[PDB]
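To start, the structure under review is shown below, and the notes come after it.
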Amino acid sequence: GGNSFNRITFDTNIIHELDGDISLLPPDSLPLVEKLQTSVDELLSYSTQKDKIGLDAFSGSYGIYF
Amino acid sequence: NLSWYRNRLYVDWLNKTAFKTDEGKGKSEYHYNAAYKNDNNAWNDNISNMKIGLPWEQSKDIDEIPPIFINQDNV
Amino acid sequence: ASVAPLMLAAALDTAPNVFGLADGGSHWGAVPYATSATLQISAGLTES
Amino acid sequence: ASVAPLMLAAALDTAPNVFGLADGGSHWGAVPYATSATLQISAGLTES
Amino acid sequence: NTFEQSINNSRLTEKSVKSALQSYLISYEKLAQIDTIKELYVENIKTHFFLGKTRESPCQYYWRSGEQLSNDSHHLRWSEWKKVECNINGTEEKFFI
């Protein structure tokens with residue numbers, strides 16, 4: 001006829017994870033700010049890259065930044 | 001008041017101005033604000049001119065008043 | 001650092017200003033003015 | 001010397017303007033506009 | 001690009017690169033708080049699109065995209081959070097978006 005239509009879908013909320021084991025969330029940025037206030041050597045170290053940032057979390061949604 | 005939160009320095013303040021918005025009510029909404037010093041000594045702005053009614057009705061001194069302090073409001 | 005205060009000022013200007021039997025006072029084009037001013041600041045920054 | 005009059009003008013603009021059964025007139029984003037203008041003056045000063 | 005042209009001195013010190021590193025983490029900490037609201041899966045171009053609000057009382061929405069099938073592998077080809085520019089960012093209240 002010469003038109004299209006959508007659906008409004010009122011009142012949506014926070015999406016935590018995508019469908020099928022994909023998380024949209026980053027790891028916690030608070031310990032990186034804790035370690036900014038100390039030296040750079042206590043931040044750019046392997047012990048801070050182990051527990052605070054994952055292996056699979058090093059890739060993924062926020063992976064370009066890491 | 002100053003407050004040290006998320007390894008930052010928050011500072012929070014209200015503003016004594018009436019703002020009858022429901023136009024039957026009195027002392028209906030007051031503007032509340034926040035900010036935080038970053039580690040470049042630069043001030044960002046969390047909340048910035050959000051309208052909140054007073055917890056206490058009318059008295060200069062009350063007993064106890066904590067704010068929820070993550071984006072919400074109670075005593 | 002002079003980019004976020006312009007967008008915050010244009011956010012605050014869209015709130016209504018006059019009360020008490022005169023609704024309104026909200027500047028309608030404030031967010032596009034801050035978009036233009038922010039983009040001018042970005043152009044001057046890149047030329048610097 | 002053109003830094004303190006901008007912050008004083010933005011202090012004075014947040015006072016209410018219209019009286020007599022029309023509350024308000026206070027420019028809400030005036031202090032962030034003066035922050036942006038002050039920081040532009042500081043950038044031009046440092047490049048000078 | 002902000003980091004790369006902040007350490008662009010001539011006789012560098014470690015203070016300048018640490019200051020640019022601090023500015024990088026301060027800029028990252030804002031993007032690490034973006035709150036994903038609205039999704040959209042385009043089927044022709046095999047992409048997701050997200051709409052993300054930040055945690056301020058002014059809204060300041062953003063957008064990003066994952067650029068392939070969600071289960072082609074573990075990885076989507078993601079994108080930087082970029083700001084939606086016009087007319088959403090006023091301090092108003094929305095029925096829908």
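Labels for the structure tokens follow display order: chains A, B, ..., residues from 1 in each chain, ligands from 1.
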(request) Restrict the distance test to only C-alpha atoms, flag each residue of chain C within 7 Å of chain D, and return the flagged residues as a list in words. (result)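 Listing them in order of chain and number gives residues 2, 5, 6, 9, 10, 12, 13, 17, 18, 19, 20, 21 and 22 of chain C.
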(message) as a list in words, please: every residue in range 11-93 of chain E that a backbone DSSP assignment puts in strand (DSSP E).
(response)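 Selection result, strand (DSSP E) within range 11-93 of chain E: residues 35, 36, 37, 38, 39, 40, 41, 42, 47, 48, 49, 50, 51, 52, 53, 62, 63, 64, 65, 66, 82 and 83 of chain E.
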Write out, as a CSV table (one decimal), in the first residue's frame, the residues just selected, with N, CA, C and O atoms.
chain,number,residue,atom,x,y,z
E,35,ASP,N,25.1,1.7,30.0
E,35,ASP,CA,24.1,0.8,30.4
E,35,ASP,C,23.3,0.5,29.2
E,35,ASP,O,22.5,1.3,28.7
E,36,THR,N,23.4,-0.8,28.7
E,36,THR,CA,22.7,-1.2,27.4
E,36,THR,C,21.2,-1.3,27.6
E,36,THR,O,20.8,-2.1,28.5
E,37,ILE,N,20.4,-0.5,26.9
E,37,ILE,CA,19.0,-0.5,27.0
E,37,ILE,C,18.3,-1.3,25.8
E,37,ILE,O,17.6,-2.2,26.1
E,38,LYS,N,18.6,-0.8,24.6
E,38,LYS,CA,17.8,-1.3,23.5
E,38,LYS,C,18.7,-2.1,22.5
E,38,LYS,O,19.8,-1.7,22.3
E,39,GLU,N,18.1,-3.2,22.0
E,39,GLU,CA,18.9,-4.0,21.1
E,39,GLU,C,18.1,-4.0,19.7
E,39,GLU,O,17.0,-3.7,19.6
E,40,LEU,N,18.9,-4.5,18.7
E,40,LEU,CA,18.3,-4.5,17.3
E,40,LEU,C,19.2,-5.5,16.5
E,40,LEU,O,20.4,-5.2,16.4
E,41,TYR,N,18.6,-6.6,16.1
E,41,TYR,CA,19.3,-7.5,15.2
E,41,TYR,C,18.8,-7.4,13.8
E,41,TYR,O,17.7,-7.8,13.4
E,42,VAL,N,19.7,-6.8,13.0
E,42,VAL,CA,19.4,-6.7,11.5
E,42,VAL,C,19.8,-8.0,10.9
E,42,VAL,O,20.8,-8.6,11.2
E,47,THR,N,24.3,-7.9,11.7
E,47,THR,CA,24.8,-7.1,12.8
E,47,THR,C,23.8,-6.9,13.9
E,47,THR,O,22.6,-6.9,13.6
E,48,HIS,N,24.3,-6.8,15.1
E,48,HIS,CA,23.6,-6.3,16.2
E,48,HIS,C,23.8,-4.8,16.3
E,48,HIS,O,24.8,-4.2,15.9
E,49,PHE,N,22.8,-4.1,16.9
E,49,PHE,CA,23.0,-2.7,17.3
E,49,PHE,C,22.4,-2.5,18.7
E,49,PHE,O,21.4,-2.9,19.0
E,50,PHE,N,23.2,-1.7,19.5
E,50,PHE,CA,22.9,-1.5,20.9
E,50,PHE,C,22.7,0.0,21.1
E,50,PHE,O,23.3,0.8,20.4
E,51,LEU,N,21.9,0.3,22.1
E,51,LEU,CA,21.7,1.7,22.5
E,51,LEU,C,22.0,1.8,24.0
E,51,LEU,O,21.3,1.1,24.8
E,52,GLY,N,23.0,2.6,24.4
E,52,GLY,CA,23.4,2.6,25.8
E,52,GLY,C,23.4,3.9,26.5
E,52,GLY,O,24.1,4.8,26.0
E,53,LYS,N,22.7,4.0,27.6
E,53,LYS,CA,22.7,5.2,28.4
E,53,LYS,C,23.9,5.1,29.4
E,53,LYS,O,24.4,4.1,29.8
E,62,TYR,N,24.4,6.3,23.8
E,62,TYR,CA,25.6,5.9,23.0
E,62,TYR,C,25.1,4.8,22.1
E,62,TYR,O,24.0,4.3,22.2
E,63,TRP,N,26.0,4.3,21.2
E,63,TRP,CA,25.6,3.2,20.4
E,63,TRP,C,26.9,2.4,20.0
E,63,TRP,O,28.0,2.9,20.0
E,64,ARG,N,26.7,1.1,19.7
E,64,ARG,CA,27.8,0.2,19.3
E,64,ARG,C,27.2,-0.8,18.3
E,64,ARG,O,26.0,-0.9,18.1
E,65,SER,N,28.1,-1.7,17.8
E,65,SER,CA,27.6,-2.8,17.0
E,65,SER,C,28.5,-4.0,17.0
E,65,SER,O,29.7,-3.8,17.0
E,66,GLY,N,27.9,-5.2,17.0
E,66,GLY,CA,28.7,-6.4,16.7
E,66,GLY,C,28.4,-6.9,15.3
E,66,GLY,O,27.3,-7.0,14.9
E,82,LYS,N,30.1,5.0,20.5
E,82,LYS,CA,30.1,6.3,20.0
E,82,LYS,C,28.8,7.0,20.3
E,82,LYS,O,27.8,6.4,20.5
E,83,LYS,N,28.8,8.3,20.4
E,83,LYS,CA,27.8,9.1,21.0
E,83,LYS,C,26.7,9.4,19.9
E,83,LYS,O,27.0,9.8,18.8
(request) Compile the residues of chain A that lie within 6 Å of chain E, evaluated using only C-alpha atoms, and express the compilation as a list in words. (result)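 So the residues of chain A near chain E are residues 10, 13, 14, 15, 60 and 61 of chain A.
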Given the selection you just returned, output its residues as a file containing N, CA and C atoms, formatted as a CSV table (one decimal), in the first residue's frame.
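Below you can see out-v8.csv, which holds the result:
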chain,number,residue,atom,x,y,z
A,10,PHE,N,7.2,-0.7,24.8
A,10,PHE,CA,7.4,0.2,25.9
A,10,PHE,C,8.2,-0.4,27.0
A,13,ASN,N,14.3,-2.5,29.7
A,13,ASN,CA,15.2,-2.4,30.9
A,13,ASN,C,16.6,-2.8,30.5
A,14,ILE,N,17.5,-3.0,31.5
A,14,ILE,CA,18.9,-3.2,31.3
A,14,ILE,C,19.1,-4.6,30.6
A,15,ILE,N,19.8,-4.7,29.5
A,15,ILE,CA,20.2,-6.0,29.0
A,15,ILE,C,21.6,-6.3,29.5
A,60,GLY,N,36.2,-10.2,23.4
A,60,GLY,CA,34.8,-10.0,23.7
A,60,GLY,C,34.4,-8.6,23.5
A,61,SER,N,33.4,-8.1,24.3
A,61,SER,CA,32.7,-6.9,23.9
A,61,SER,C,33.6,-5.6,24.2
(message) Just the number, please: distance in Å from CA of residue 27 in chain A to CA of residue 57 in chain A, one decimal.
(response)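 That distance, rounded to one decimal, is 7.4 Å.
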(request) Could you tell me which of B:74, B:33, B:28, B:3 comes closest to chain E if we count only C-alpha atoms? (result)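 For chain E, the nearest of the candidates is B:33.
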With chain C as the partner and 8 Å as the cut-off, tabulate the residues of chain B that qualify, each row holding the nearest pair of atoms and their distance in Å to one decimal, using only C-alpha atoms, sorted by chain and rising number, as a tab-separated table.
residue	atom	partner	partner_atom	distance
B:19	CA	C:19	CA	7.7
B:20	CA	C:20	CA	7.9
B:21	CA	C:19	CA	7.8
B:23	CA	C:20	CA	7.7
B:49	CA	C:12	CA	7.6
